[PDB]
Structures are given as structure tokens and as C-alpha cells.
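Worksheet: the structure to be examined is printed underneath.
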Amino acid sequence: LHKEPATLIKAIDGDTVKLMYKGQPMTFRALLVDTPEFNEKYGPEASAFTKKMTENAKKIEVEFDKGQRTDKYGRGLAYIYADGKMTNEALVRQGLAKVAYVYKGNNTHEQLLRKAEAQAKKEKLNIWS
Ligand SMILES: Cc1cn([C@H]2C[C@H](OP(=O)(O)O)[C@@H](COP(=O)(O)O)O2)c(=O)[nH]c1=O
Ligand SMILES: [Ca+2]
């Protein structure tokens with residue numbers, strides 16, 4: 001896989017961000033994770049985490065997987081990186097997202113994220129208490 005440039009337009013919630021990609025605005029949905037909705041427990045803490053990560057980054061990048069690039073809602077599906085650090089992994093590592101929506105052909109970083117979830121769970125973090 002490989003990283004392509006994008007700029008933050010707006011952080012939306014824990015697992016969705018509006019980015020400008022190849023010069024067009026697009027909502028991106030973070031592969032392989034599930035943050036709570038904003039109205040759910042740790043929903044607000046998830047939104048804040050992603051909003052800070054992406055807004056503070058000097059450099060946002062998107063990395064598509066080997067399968068479907070847009071979901072049925074026209075959202076882009078990608079691994080999202082902020083100054084080289086994967087948002088999707090960081091959310092799981094802090095127990096602000098569960099590993100979820102693992103579809104075949106779009107699951108390159110599954111076990112890296114599962115490894116992060118296991119640590120979060122061992123540490124009894126946020127979602128895991
Ligand atoms: C993460 C992800 C979600 N989706 C669709 C499946 C879920 O369908 P349904 O909307 O029919 O429940 C929905 C969950 O997104 P949210 O978790 O953002 O709602 O998004 C994909 O199709 N591919 C994916 O990789
Ligand atoms: Ca969600």
C-alpha cells in the first residue's frame with residue numbers, strides 16, 4: 001500500500017474526517033475501526049481525540065487498501081495518517097475504538113490493530129473498563 005497526500009477540511013467524529021483529496025472534498029471513514037457515536041459513552045472522547053490528532057498534524061496522508069475505496073455512502077475508506085502516525089491504530093490503542101468492519105481484501109492492517117486492541121484491553125482503557 002502507499003500513502004497519498006490530503007489536507008484536513010474538518011474533523012467530523014471519532015472515525016470520519018472531511019479531507020481534500022486530489023483537490024476534491026470527500027468524507028473519509030477510517031478502515032477497520034469503530035468509534036462510538038458522539039451521543040454514546042466515549043463518543044465525545046473519540047471525536048476529540050481524532051479532531052486533535054488531525055488538526056495538529058503538519059501532514060495528513062490517506063492510504064487505501066487493496067479492495068473497495070468508497071463505501072455505499074460515498075465515503076472514502078482508508079488508513080489515515082497524521083505526521084506519520086496512523087489514526088486508526090492510535091484510536092484502537094487508546095481504547096477509543098474497537099477493531100470492526102473487517103472485510104476481506106480490505107484488511108491489510110488487521111493484525112497490527114488487533115495487537116493494539118489487546119494492549120488497550122490489557123490496560124483496561126476507556127471502552128475496556
Ligand atoms: C468501516 C466500513 C463501514 N462500512 C459501512 C458498513 C456499515 O453499514 P450500515 O450503515 O448499513 O450499518 C456502516 C458503518 O459505518 P459507521 O460505523 O460510520 O456507521 O458503514 C463499509 O461498507 N465498509 C467499511 O469498511
Ligand atoms: Ca462509528
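Letters A, B, ... go to the chains of the C-alpha cells in the order shown; residues in each chain start at 1; ligands are counted from 1 in the same order.
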Please, which residues in segment 87-115 of chain A fall within 12 Å of segment 6-26 of chain A when counting only C-alpha atoms, and what is the closest atom pair and distance in Å to one decimal for each, ordered by chain then residue number, as JSON lines?
{"residue": "A:87", "atom": "CA", "partner": "A:15", "partner_atom": "CA", "distance": 8.8}
{"residue": "A:88", "atom": "CA", "partner": "A:15", "partner_atom": "CA", "distance": 7.8}
{"residue": "A:89", "atom": "CA", "partner": "A:15", "partner_atom": "CA", "distance": 11.3}
{"residue": "A:90", "atom": "CA", "partner": "A:14", "partner_atom": "CA", "distance": 11.2}
{"residue": "A:91", "atom": "CA", "partner": "A:14", "partner_atom": "CA", "distance": 8.2}
{"residue": "A:92", "atom": "CA", "partner": "A:15", "partner_atom": "CA", "distance": 10.8}
{"residue": "A:95", "atom": "CA", "partner": "A:14", "partner_atom": "CA", "distance": 11.7}
{"residue": "A:96", "atom": "CA", "partner": "A:14", "partner_atom": "CA", "distance": 8.0}
{"residue": "A:97", "atom": "CA", "partner": "A:14", "partner_atom": "CA", "distance": 8.1}
{"residue": "A:98", "atom": "CA", "partner": "A:15", "partner_atom": "CA", "distance": 10.8}
{"residue": "A:99", "atom": "CA", "partner": "A:15", "partner_atom": "CA", "distance": 11.6}
{"residue": "A:100", "atom": "CA", "partner": "A:15", "partner_atom": "CA", "distance": 11.5}
Checklist line | Expected selection as a list in words for ligand 2 within 8 Å, only C-alpha atoms and all ligand atoms | finding: residues 14, 15, 33, 34, 35, 36 and 37 of chain A
Just the selected residues (C-alpha atoms), exported as a CSV table (one decimal), in the first residue's frame, please.
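The resulting selection17.csv:
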chain,number,residue,atom,x,y,z
A,14,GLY,CA,-14.1,9.7,16.0
A,15,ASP,CA,-13.8,7.7,12.8
A,33,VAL,CA,-12.3,0.6,13.3
A,34,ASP,CA,-15.5,1.6,15.1
A,35,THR,CA,-15.6,4.6,17.4
A,36,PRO,CA,-18.8,5.2,19.5
A,37,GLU,CA,-21.3,7.8,18.0
Check: Excluding same-chain residues fewer than 2 positions from residue 70 of chain A, what lies within 12 Å of it counting only C-alpha atoms, as an NGL selection string?
Finding: :A and (26-31 or 64-68 or 72-78 or 106)
Item checked: Near-residue 56 of chain A list (12 Å; only C-alpha atoms; drop same-chain fewer than 3 positions) as a list in words ->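 Within the cut-off, the hits are residues 7, 8, 11, 48, 49, 50, 51, 52, 53, 59, 60, 81, 82, 83 and 85 of chain A.
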Just-selected residues, C-alpha atoms written as a PDB file, in the first residue's frame:
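Output file part_14.pdb follows:
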ATOM      1  CA  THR A   7      -5.456  18.148   3.764  1.00  0.00           C
ATOM      2  CA  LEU A   8      -7.868  18.392   6.660  1.00  0.00           C
ATOM      3  CA  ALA A  11     -12.781  16.587  11.781  1.00  0.00           C
ATOM      4  CA  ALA A  48     -11.882  14.983  20.462  1.00  0.00           C
ATOM      5  CA  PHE A  49      -9.028  12.512  20.048  1.00  0.00           C
ATOM      6  CA  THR A  50      -9.307  12.396  16.206  1.00  0.00           C
ATOM      7  CA  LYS A  51     -10.026  16.204  15.984  1.00  0.00           C
ATOM      8  CA  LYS A  52      -6.819  16.948  17.898  1.00  0.00           C
ATOM      9  CA  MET A  53      -4.753  14.408  16.057  1.00  0.00           C
ATOM     10  CA  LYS A  59       0.806  16.454   7.264  1.00  0.00           C
ATOM     11  CA  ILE A  60      -2.243  14.249   6.666  1.00  0.00           C
ATOM     12  CA  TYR A  81      -2.012   9.105   8.965  1.00  0.00           C
ATOM     13  CA  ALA A  82      -1.114  12.251  10.906  1.00  0.00           C
ATOM     14  CA  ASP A  83       2.597  13.164  10.798  1.00  0.00           C
ATOM     15  CA  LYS A  85       1.121   8.069  12.859  1.00  0.00           C
TER      16      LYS A  85
END
Next item on the list: Excluding residue 126 of chain A and any residue of its chain fewer than 2 positions from it, enumerate the residues within 9 Å of it, using only C-alpha atoms, and give them as a ChimeraX atom specification.
Entry: /A:42,94-96,120-121,124,128-129
Keeping only N, CA, C and O atoms, write the selected residues as a PDB file, in the first residue's frame.
ATOM      1  N   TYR A  42     -17.947   7.572  25.552  1.00  0.00           N
ATOM      2  CA  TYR A  42     -16.637   7.760  24.891  1.00  0.00           C
ATOM      3  C   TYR A  42     -16.759   8.222  23.428  1.00  0.00           C
ATOM      4  O   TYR A  42     -15.757   8.472  22.777  1.00  0.00           O
ATOM      5  N   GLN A  94      -5.780   3.417  22.254  1.00  0.00           N
ATOM      6  CA  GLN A  94      -6.230   4.194  23.455  1.00  0.00           C
ATOM      7  C   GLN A  94      -7.610   3.690  23.951  1.00  0.00           C
ATOM      8  O   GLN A  94      -8.235   4.320  24.823  1.00  0.00           O
ATOM      9  N   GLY A  95      -8.106   2.607  23.359  1.00  0.00           N
ATOM     10  CA  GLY A  95      -9.420   2.097  23.694  1.00  0.00           C
ATOM     11  C   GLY A  95     -10.545   3.083  23.373  1.00  0.00           C
ATOM     12  O   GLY A  95     -11.530   3.189  24.143  1.00  0.00           O
ATOM     13  N   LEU A  96     -10.390   3.822  22.262  1.00  0.00           N
ATOM     14  CA  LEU A  96     -11.410   4.789  21.817  1.00  0.00           C
ATOM     15  C   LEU A  96     -12.105   4.263  20.562  1.00  0.00           C
ATOM     16  O   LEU A  96     -13.073   4.877  20.043  1.00  0.00           O
ATOM     17  N   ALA A 120      -4.690  -2.124  24.707  1.00  0.00           N
ATOM     18  CA  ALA A 120      -5.785  -1.304  25.249  1.00  0.00           C
ATOM     19  C   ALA A 120      -6.647  -2.077  26.266  1.00  0.00           C
ATOM     20  O   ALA A 120      -6.931  -1.588  27.373  1.00  0.00           O
ATOM     21  N   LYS A 121      -7.031  -3.296  25.895  1.00  0.00           N
ATOM     22  CA  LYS A 121      -7.881  -4.139  26.734  1.00  0.00           C
ATOM     23  C   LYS A 121      -7.125  -4.594  28.004  1.00  0.00           C
ATOM     24  O   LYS A 121      -7.691  -4.606  29.105  1.00  0.00           O
ATOM     25  N   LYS A 124      -7.063  -1.969  30.315  1.00  0.00           N
ATOM     26  CA  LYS A 124      -8.432  -1.622  30.706  1.00  0.00           C
ATOM     27  C   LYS A 124      -8.803  -0.184  30.328  1.00  0.00           C
ATOM     28  O   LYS A 124      -9.425   0.509  31.133  1.00  0.00           O
ATOM     29  N   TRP A 128     -12.664  -0.287  27.440  1.00  0.00           N
ATOM     30  CA  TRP A 128     -12.446  -1.500  28.260  1.00  0.00           C
ATOM     31  C   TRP A 128     -12.471  -1.421  29.777  1.00  0.00           C
ATOM     32  O   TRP A 128     -11.851  -2.219  30.441  1.00  0.00           O
ATOM     33  N   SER A 129     -13.214  -0.478  30.352  1.00  0.00           N
ATOM     34  CA  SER A 129     -13.460  -0.517  31.793  1.00  0.00           C
ATOM     35  C   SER A 129     -14.944  -0.654  32.101  1.00  0.00           C
ATOM     36  O   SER A 129     -15.306  -1.269  33.097  1.00  0.00           O
TER      37      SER A 129
END
Item checked: DSSP helix (DSSP H, G or I) residues within segment 49-94 of chain A, listed as a list in words ->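 Here is the list: residues 49, 50, 51, 52, 53, 54, 55, 56, 87, 88, 89, 90, 91, 92 and 93 of chain A.
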